[PDB]
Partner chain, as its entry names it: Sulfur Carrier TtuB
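A single chain comes next, written as structure tokens; it is the form deposited without the partner chain.
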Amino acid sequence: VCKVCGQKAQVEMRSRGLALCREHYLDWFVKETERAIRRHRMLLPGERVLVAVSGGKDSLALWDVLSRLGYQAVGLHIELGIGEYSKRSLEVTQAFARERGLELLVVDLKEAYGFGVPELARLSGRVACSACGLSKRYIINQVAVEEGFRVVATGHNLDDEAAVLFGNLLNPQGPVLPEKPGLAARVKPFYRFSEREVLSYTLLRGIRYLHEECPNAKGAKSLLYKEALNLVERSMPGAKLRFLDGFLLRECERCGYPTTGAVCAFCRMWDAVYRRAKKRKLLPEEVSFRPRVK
């Protein structure tokens, strides 16, 4: 029975030994989010915040909640140029913002830099997710800083932090990443939430999100870790949360942004990519890579 009203429970959280009807689950989820924000001084009451929005359940849900709590939540979507996948992601995301009258910023990777994640992978030599991850972190930050956002929110959740933690133990982040001179802050307001929890909010709130996952991968290390931890969690609710809980610079020559070297990894990657595009005659020889500067 629902713990708040005593009518039919629509969501059960064995992790928390808690059951709620639709309305009170939705109420709890939102309130629990505002709790994380306050417990870690993540945001200011109506603060502008740049939300990294993929079109997936977590980031749409997050965009949804932060609005509800009255923050000025601007979304940033990055069209990564991964085929129909990147196309659908953008569509969904745009559909979402359109319906809610939220403002959406979009960076199209091929229009801005000349190559989509696939060609970027082939040319940089990195695995697609390495190139892609690096490209996502850089551009979100740059967009943030360029547009005056003190802070940036991602929809990373309990499953993510625990999977990451587990990955490190096998192969040797905090709710708030502190603002620095060339770095906006990164808050994860869904850090305590289960994936199943976020998915529940998303379904009960009627949010249409992109069900398709990205073609690669499909061999993700993160996925392997999540299965193994879910296999445990199923039989031992609260395992992930216990696990987690238990445990707890220079300016780039090309672009001005923070790095521990002369040239940042991002500039270093697009530099080489451009160089090799030239050698293979894909770019004119007199073209160079000019990153936007701080």
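Residue numbers count along the first chain shown, from 1.
There is another form of this protein, the form solved in complex with the partner chain, and it is not shown here; the text below is about that form.
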**Study point:** Contact check for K57, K226 and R234 against the partner chain in the entry with it bound, heavy atom at 4.5 Å
**Key:** yes
Study note, to complete from the structure: With the partner omitted here, the residue among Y191, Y209, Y113, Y71 that in the entry with it bound has a heavy atom within 4.5 Å of the partner chain is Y209
Check your understanding: Considering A95, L183, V164, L204, which brings a non-hydrogen atom within 4.5 Å of the partner chain in the entry with it bound?
Key -> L204
Review point. Would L199 show up as a contact with the partner chain in the entry with it bound if we use heavy atoms at 4.5 Å?
Key: yes
Practice item. Consider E23 of the chain shown here, and say whether it contacts the partner chain in the entry with it bound, taking contact as heavy atoms within 4.5 Å. Key: no
Review point. Does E213 make contact with the partner chain in the entry with it bound, using a 4.5 Å heavy atom cut-off?
Key: yes
Practice item. Please run the contact check for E79 against the partner chain in the entry with it bound: heavy atoms, 4.5 angstroms, yes or no? Key: no
Check your understanding: Which single stretch, out of 226-234, 45-53, 28-36, 252-260, brings residue heavy atoms within 4.5 Å of the partner chain in the entry with it bound?
Key -> 226-234
